[PDB]
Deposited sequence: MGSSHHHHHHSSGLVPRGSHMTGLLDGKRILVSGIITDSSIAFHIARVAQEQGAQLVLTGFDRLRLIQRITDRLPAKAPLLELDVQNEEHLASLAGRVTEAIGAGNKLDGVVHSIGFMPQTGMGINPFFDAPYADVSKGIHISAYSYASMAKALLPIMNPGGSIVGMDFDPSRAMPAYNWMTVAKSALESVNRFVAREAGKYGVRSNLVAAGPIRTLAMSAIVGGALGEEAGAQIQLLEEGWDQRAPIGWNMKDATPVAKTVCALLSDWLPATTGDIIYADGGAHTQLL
């Protein structure tokens, strides 16, 4: 398997549509041993993770909770056994209050709302790296999820700003991670039908055409595969960077 013998933490499962769920499934199919983290509704999340190919410890992690972050490494070590470390970490976490999204006027989002979104969607990438690098092996890999924010667009509004911040954060996390022999990268995914897409983006409210190899919004697997590629030993010279799993859409104007 691509990830045989690798110990990987995966955050961000909320439903079986979650990009993180597919990342977890594919990683398990590829031999990885997982530690999962979930936010808020852990009982409900556990029922979802029970549907994964293999058993995995589920740990609670609210990235705005300083104690959760402080205790994370210790709780992970308890789950994987003393003397063992992680080889991979997946940040698949985002949030933005409704005022910062959709048809709500860009100028009307209060800073308190924007700040919450940036905390959860961007700063927390640094928080998780801070918490977990001390228990990561050399050759390890941290991967976060991105949506190309290089151009403005309808609806994505302040989440675009949060992703621009996340890209910059990733470049600095790479400088820290390199001290541990660890890579840090983002995967910029095209649109996928997830809860966030439905409840956050859709609640607040061309890709296949542009993508030379097409794009299926109902299929998170190609994105999951791309994350697994970064978690593997097969992109060993790439860090601080962004890999686009978007069908090539961002490389085409029409």
Deposited seq positions with no alpha-carbon in the coordinates run 1 to 22, 228 to 240
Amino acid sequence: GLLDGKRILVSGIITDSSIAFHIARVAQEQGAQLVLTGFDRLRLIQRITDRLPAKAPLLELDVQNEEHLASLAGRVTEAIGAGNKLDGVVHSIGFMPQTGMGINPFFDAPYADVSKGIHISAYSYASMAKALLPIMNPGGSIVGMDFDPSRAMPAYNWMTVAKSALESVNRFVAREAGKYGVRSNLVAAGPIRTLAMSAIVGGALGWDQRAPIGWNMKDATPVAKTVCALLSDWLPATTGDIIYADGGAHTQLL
From here on, numbers count along this sequence of modelled residues.
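Throughout, rigid core stands for the largest set of C-alpha atoms superposing within 1.5 Å between the two forms.
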With the rigid core as the fit reference, the stretch showing the greater C-alpha departure in 7 other deposited structures of this protein, 164 to 172 or 99 to 107, is 99 to 107
Ranked by mean Cα B-factor in the entry, 167 to 175 and 148 to 156, top stretch is 148 to 156
For 42 to 50 versus 182 to 190, entry-based mean Cα B-factors point to 42 to 50
For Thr77, the third of its chain by CA B-factor is the highest
For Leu254, the third of its chain by CA B-factor is the highest
Entry-reported C-alpha B-factor of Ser115 relative to its chain, by third, is lowest
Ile200: CA temperature factor from the record, placed by chain third, in the highest
The third of the chain into which the C-alpha temperature factor of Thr239 falls is the lowest
